[PDB]
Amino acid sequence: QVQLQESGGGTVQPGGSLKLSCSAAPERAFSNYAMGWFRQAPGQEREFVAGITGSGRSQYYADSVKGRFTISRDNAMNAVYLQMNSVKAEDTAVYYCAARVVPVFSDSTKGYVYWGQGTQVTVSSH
């Protein structure tokens, strides 16, 4: 299994930057588990944001965040990160990190077995 807990949520101005972390407690080495970030806006379905393979060597993004968000992972620290830059209104949501049981990438919620808790990110001018 992988226990997953996000941190770094909060409020950020439009155009600003925020970085989310997700700490993982995996039963096998963390490089066995591909990771993804998903988000769920108010009263909406949970949607794919970004994904990364077990090794970290390939990263994938939702069209609407490509060139603004960056996903990375540090297997030596059992962590995965989502750097959010140039944030927009559309980005306000509860963000979840999620783990597959294989190291290869998926962009579908159906590919993921373990989920974090959820952390709120609000993009607001104040």
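So that there is no doubt, residue numbering starts at 1 and follows the sequence shown.
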{"query": "Segment of higher mean CA temperature factor, 82-90 or 26-34", "finding": "82-90"}
{"query": "Of 100-108 and 10-18, the stretch whose C-alpha atoms average the higher B-factor in the entry", "finding": "10-18"}
{"query": "Top residue by Cα temperature factor, when 125, 1, 5, 120 are compared in the entry", "finding": "125"}
{"query": "Residue 73 by Cα B-factor - lowest, middle or highest third of the modelled chain", "finding": "lowest"}
{"query": "CA B-factor ranking of residue 64, expressed as a third of its chain", "finding": "highest"}
{"query": "Chain third (lowest, middle, highest) by recorded CA B-factor, residue given as residue 40", "finding": "middle"}
